[PDB]
file upload_29.pdb (PDB, C-alpha atoms (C1' of nucleotides) and all ligand atoms)
ATOM      1  CA  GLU P  61      68.435 -29.436  34.459  1.00  0.00           C
ATOM      2  CA  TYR P  62      65.445 -27.089  34.377  1.00  0.00           C
ATOM      3  CA  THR P  63      62.317 -26.825  32.230  1.00  0.00           C
ATOM      4  CA  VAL P  64      60.889 -23.325  31.845  1.00  0.00           C
ATOM      5  CA  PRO P  65      57.084 -23.374  32.306  1.00  0.00           C
ATOM      6  CA  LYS P  66      54.571 -22.565  29.590  1.00  0.00           C
ATOM      7  CA  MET P  67      51.918 -19.863  29.364  1.00  0.00           C
ATOM      8  CA  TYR P  68      48.363 -20.474  28.159  1.00  0.00           C
ATOM      9  CA  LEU P  69      46.187 -17.736  26.656  1.00  0.00           C
ATOM     10  CA  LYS P  70      42.890 -17.597  24.766  1.00  0.00           C
ATOM     11  CA  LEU P  71      42.508 -14.482  22.628  1.00  0.00           C
ATOM     12  CA  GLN P  72      39.211 -13.668  20.939  1.00  0.00           C
ATOM     13  CA  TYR P  73      38.449 -10.803  18.575  1.00  0.00           C
ATOM     14  CA  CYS P  74      35.677  -9.051  16.739  1.00  0.00           C
ATOM     15  CA  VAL P  75      35.724  -9.482  12.980  1.00  0.00           C
ATOM     16  CA  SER P  76      36.701  -5.850  12.363  1.00  0.00           C
ATOM     17  CA  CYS P  77      39.866  -6.252  14.442  1.00  0.00           C
ATOM     18  CA  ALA P  78      40.425  -9.821  13.222  1.00  0.00           C
ATOM     19  CA  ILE P  79      41.236  -8.986   9.591  1.00  0.00           C
ATOM     20  CA  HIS P  80      43.152  -5.808  10.390  1.00  0.00           C
ATOM     21  CA  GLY P  81      45.584  -7.826  12.506  1.00  0.00           C
ATOM     22  CA  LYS P  82      45.775 -10.434   9.721  1.00  0.00           C
ATOM     23  CA  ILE P  83      44.399 -13.264  11.850  1.00  0.00           C
ATOM     24  CA  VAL P  84      42.123 -14.175   8.926  1.00  0.00           C
ATOM     25  CA  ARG P  85      41.780 -12.733   5.439  1.00  0.00           C
ATOM     26  CA  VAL P  86      39.366 -12.515   2.520  1.00  0.00           C
ATOM     27  CA  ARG P  87      38.784 -15.718   0.548  1.00  0.00           C
ATOM     28  CA  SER P  88      37.253 -16.429  -2.845  1.00  0.00           C
ATOM     29  CA  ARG P  89      33.575 -17.170  -3.420  1.00  0.00           C
ATOM     30  CA  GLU P  90      34.052 -20.927  -3.723  1.00  0.00           C
ATOM     31  CA  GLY P  91      36.815 -21.095  -1.116  1.00  0.00           C
ATOM     32  CA  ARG P  92      34.627 -19.477   1.531  1.00  0.00           C
ATOM     33  CA  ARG P  93      32.778 -22.746   2.210  1.00  0.00           C
ATOM     34  CA  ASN P  94      35.746 -24.657   3.603  1.00  0.00           C
ATOM     35  CA  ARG P  95      35.958 -24.973   7.387  1.00  0.00           C
ATOM     36  CA  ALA P  96      38.924 -27.320   7.701  1.00  0.00           C
ATOM     37  CA  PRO P  97      41.785 -25.807   9.715  1.00  0.00           C
ATOM     38  CA  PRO P  98      44.794 -24.913   7.583  1.00  0.00           C
ATOM     39  CA  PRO P  99      47.548 -27.540   7.397  1.00  0.00           C
ATOM     40  CA  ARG P 100      50.391 -26.259   9.549  1.00  0.00           C
ATOM     41  CA  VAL P 101      53.821 -26.652   7.970  1.00  0.00           C
ATOM     42  CA  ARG P 102      55.507 -29.777   9.349  1.00  0.00           C
ATOM     43  CA  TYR P 103      58.758 -29.602   7.347  1.00  0.00           C
ATOM     44  CA  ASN P 104      59.596 -25.868   7.349  1.00  0.00           C
ATOM     45  CA  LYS P 105      61.690 -26.246   4.177  1.00  0.00           C
TER      46      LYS P 105
ATOM     47  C1'   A O   1     -84.465  25.227   5.343  1.00  0.00           C
ATOM     48  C1'   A O   2     -79.724  29.832   4.261  1.00  0.00           C
ATOM     49  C1'   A O   3     -76.484  33.545   7.236  1.00  0.00           C
ATOM     50  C1'   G O   4     -74.641  32.974  12.017  1.00  0.00           C
ATOM     51  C1'   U O   5     -72.891  30.122  16.434  1.00  0.00           C
ATOM     52  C1'   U O   6     -70.722  26.051  20.413  1.00  0.00           C
ATOM     53  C1'   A O   7     -67.008  21.828  21.179  1.00  0.00           C
ATOM     54  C1'   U O   8     -63.435  18.103  19.053  1.00  0.00           C
ATOM     55  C1'   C O   9     -60.440  16.283  14.863  1.00  0.00           C
ATOM     56  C1'   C O  10     -57.192  16.671  10.152  1.00  0.00           C
ATOM     57  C1'   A O  11     -53.732  20.572   9.772  1.00  0.00           C
ATOM     58  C1'   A O  12     -50.922  24.321   5.753  1.00  0.00           C
ATOM     59  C1'   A O  13     -48.059  28.790   7.280  1.00  0.00           C
ATOM     60  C1'   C O  14     -45.107  32.190  10.343  1.00  0.00           C
ATOM     61  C1'   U O  15     -41.788  33.446  14.897  1.00  0.00           C
ATOM     62  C1'   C O  16     -37.883  31.945  18.486  1.00  0.00           C
ATOM     63  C1'   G O  17     -34.318  28.319  20.030  1.00  0.00           C
ATOM     64  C1'   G O  18     -31.525  23.515  19.391  1.00  0.00           C
ATOM     65  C1'   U O  19     -28.852  20.041  16.328  1.00  0.00           C
ATOM     66  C1'   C O  20     -26.432  17.878  11.668  1.00  0.00           C
ATOM     67  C1'   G O  21     -24.282  18.653   6.552  1.00  0.00           C
ATOM     68  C1'   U O  22     -21.974  21.380   2.456  1.00  0.00           C
ATOM     69  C1'   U O  23     -19.421  25.996   0.854  1.00  0.00           C
ATOM     70  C1'   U O  24     -16.253  30.353   2.309  1.00  0.00           C
ATOM     71  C1'   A O  25     -13.036  35.197   4.689  1.00  0.00           C
ATOM     72  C1'   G O  26      -8.788  35.488   8.370  1.00  0.00           C
ATOM     73  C1'   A O  27      -3.362  38.786  11.366  1.00  0.00           C
ATOM     74  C1'   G O  28       0.129  35.058  12.469  1.00  0.00           C
ATOM     75  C1'   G O  29       2.461  29.917  12.794  1.00  0.00           C
ATOM     76  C1'   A O  30       4.510  25.394  10.619  1.00  0.00           C
ATOM     77  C1'   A O  31       5.288  21.637   6.338  1.00  0.00           C
ATOM     78  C1'   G O  32       5.614  19.522   1.014  1.00  0.00           C
ATOM     79  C1'   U O  33       6.824  19.665  -4.318  1.00  0.00           C
ATOM     80  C1'   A O  34       9.357  22.074  -8.232  1.00  0.00           C
ATOM     81  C1'   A O  35      12.678  25.645 -10.401  1.00  0.00           C
ATOM     82  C1'   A O  36      17.835  27.699  -9.864  1.00  0.00           C
ATOM     83  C1'   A O  37      25.322  29.517 -12.667  1.00  0.00           C
ATOM     84  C1'   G O  38      23.212  30.855  -4.595  1.00  0.00           C
ATOM     85  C1'   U O  39      25.863  30.410   0.879  1.00  0.00           C
ATOM     86  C1'   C O  40      28.141  26.806   4.645  1.00  0.00           C
ATOM     87  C1'   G O  41      29.922  22.175   5.482  1.00  0.00           C
ATOM     88  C1'   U O  42      30.894  16.437   3.663  1.00  0.00           C
ATOM     89  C1'   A O  43      26.506  12.275   6.487  1.00  0.00           C
ATOM     90  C1'   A O  44      26.126   7.818   2.841  1.00  0.00           C
ATOM     91  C1'   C O  45      28.247   4.389  -1.549  1.00  0.00           C
ATOM     92  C1'   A O  46      35.773   1.411  -1.288  1.00  0.00           C
ATOM     93  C1'   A O  47      37.539  -1.017   5.715  1.00  0.00           C
ATOM     94  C1'   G O  48      33.952   6.320   1.977  1.00  0.00           C
ATOM     95  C1'   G O  49      38.836   7.038   5.654  1.00  0.00           C
ATOM     96  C1'   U O  50      35.060   6.333  13.430  1.00  0.00           C
ATOM     97  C1'   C O  51      32.129  -0.766   9.569  1.00  0.00           C
ATOM     98  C1'   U O  52      26.678   0.263   7.934  1.00  0.00           C
ATOM     99  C1'   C O  53      21.561  -0.359   9.721  1.00  0.00           C
ATOM    100  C1'   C O  54      17.125  -1.134  13.671  1.00  0.00           C
ATOM    101  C1'   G O  55      14.129   0.076  18.508  1.00  0.00           C
ATOM    102  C1'   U O  56      14.601   3.644  22.535  1.00  0.00           C
ATOM    103  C1'   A O  57      16.549   8.251  25.349  1.00  0.00           C
ATOM    104  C1'   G O  58      19.374  12.875  25.579  1.00  0.00           C
ATOM    105  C1'   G O  59      22.304  16.822  23.085  1.00  0.00           C
ATOM    106  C1'   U O  60      24.112  20.260  18.750  1.00  0.00           C
ATOM    107  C1'   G O  61      24.050  25.989  13.030  1.00  0.00           C
ATOM    108  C1'   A O  62      23.023  21.888   9.519  1.00  0.00           C
ATOM    109  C1'   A O  63      23.846  17.283   7.677  1.00  0.00           C
ATOM    110  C1'   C O  64      24.667  14.380  12.543  1.00  0.00           C
ATOM    111  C1'   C O  65      27.125  12.734  17.387  1.00  0.00           C
ATOM    112  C1'   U O  66      26.862   9.696  22.076  1.00  0.00           C
ATOM    113  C1'   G O  67      24.811   5.875  25.768  1.00  0.00           C
ATOM    114  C1'   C O  68      22.097   0.716  26.462  1.00  0.00           C
ATOM    115  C1'   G O  69      20.086  -4.021  23.957  1.00  0.00           C
ATOM    116  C1'   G O  70      19.795  -6.158  19.085  1.00  0.00           C
ATOM    117  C1'   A O  71      20.700  -7.747  13.488  1.00  0.00           C
ATOM    118  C1'   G O  72      24.593  -9.229   9.040  1.00  0.00           C
ATOM    119  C1'   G O  73      21.580  -6.934   4.202  1.00  0.00           C
ATOM    120  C1'   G O  74      29.980  -7.633   6.752  1.00  0.00           C
ATOM    121  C1'   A O  75      35.298  -6.335   6.037  1.00  0.00           C
ATOM    122  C1'   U O  76      34.904 -13.506   9.087  1.00  0.00           C
ATOM    123  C1'   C O  77      30.973 -19.780   6.440  1.00  0.00           C
ATOM    124  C1'   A O  78      37.553 -21.843   8.956  1.00  0.00           C
ATOM    125  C1'   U O  79      42.542 -22.717  13.861  1.00  0.00           C
ATOM    126  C1'   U O  80      43.840 -28.390  16.316  1.00  0.00           C
ATOM    127  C1'   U O  81      46.545 -30.434  24.198  1.00  0.00           C
TER     128        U O  81
HETATM  129 MG    MG P 201      -9.352  27.820   6.973  1.00  0.00          MG
HETATM  130 MG    MG P 202      -1.151  32.766   5.572  1.00  0.00          MG
HETATM  131 MG    MG P 203      29.091   7.789   9.211  1.00  0.00          MG
HETATM  132 MG    MG P 204      29.379  -0.256   5.278  1.00  0.00          MG
HETATM  133 MG    MG P 205      26.792  -6.272   0.138  1.00  0.00          MG
END
call {"tool": "encode", "arguments": {"input": "upload_29.pdb", "output": "structure tokens"}}
result
Amino acid sequence: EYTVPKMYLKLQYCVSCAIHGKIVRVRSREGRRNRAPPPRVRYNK
RNA sequence: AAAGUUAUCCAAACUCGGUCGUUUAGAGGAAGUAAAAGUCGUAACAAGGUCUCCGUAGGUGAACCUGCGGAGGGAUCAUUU
């Protein structure tokens, strides 16, 4: 039995390249002030 | 005791030079405002199609472009061992 190793990276972007690669996107005026991380899907349908 | 006369003082006026202020002529050079049915491009306002702007330095017909350090008045108030 073998376990393939992992790889660890830390990418970091300017804002101009952040929303062209769809890392983040425009939010509404009221929804802007919400800094909780998005809830990742834990059921996947 | 009059004309006249000697030496100081108070001094108008003229001549030459210096200095300050106002007004005015000038070949040529370089800007601003307005008036246009002008010529050549399209820098900015939408991610204005290379995100925009600030200080500094260089370059190009013209708007402008590029290097170094900033700012968000941005196109992100946000990504977990
Ligand atoms: Mg003159
Ligand atoms: Mg003249
Ligand atoms: Mg431009
Ligand atoms: Mg802009
Ligand atoms: Mg704005």
call {"tool": "closest_atom_pairs", "arguments": {"input": "upload_29.pdb", "of": "chain O", "to": "ligand MG 203 (chain P)", "cutoff": "9 Å", "atoms": "all atoms listed in the file", "output": "Markdown table"}}
result
| residue | atom | partner | partner_atom | distance |
| --- | --- | --- | --- | --- |
| O:43 | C1' | P:MG203 | MG | 5.9 |
| O:44 | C1' | P:MG203 | MG | 7.0 |
| O:48 | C1' | P:MG203 | MG | 8.8 |
| O:50 | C1' | P:MG203 | MG | 7.5 |
| O:52 | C1' | P:MG203 | MG | 8.0 |
| O:64 | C1' | P:MG203 | MG | 8.6 |
call {"tool": "interface_residues", "arguments": {"input": "upload_29.pdb", "of": "chain P", "to": "chain O", "cutoff": "7 Å", "atoms": "only C-alpha atoms (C1' of nucleotides)", "output": "list in words"}}
result
residues 75, 76, 92, 93, 94, 95, 96 and 97 of chain P
call {"tool": "closest_residue", "arguments": {"input": "upload_29.pdb", "among": "O:28, O:72, O:58, O:4", "to": "ligand MG 204 (chain P)", "atoms": "only C-alpha atoms (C1' of nucleotides) and all ligand atoms"}}
result
O:72
call {"tool": "resolve_selection", "arguments": {"input": "upload_29.pdb", "expression": "the PyMOL selection byres (((not hetatm)) within 9 of (chain P and resi 202))", "output": "count of residues only"}}
result
4
call {"tool": "atom_distance", "arguments": {"input": "upload_29.pdb", "atom1": "atom MG of ligand MG 201 (chain P)", "atom2": "atom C1' of residue O:30"}}
result
14.5 Å
call {"tool": "resolve_selection", "arguments": {"input": "upload_29.pdb", "expression": "the PyMOL selection byres (((not hetatm)) within 12 of (chain P and resi 201))", "output": "VMD selection string"}}
result
chain O and resid 23 to 26
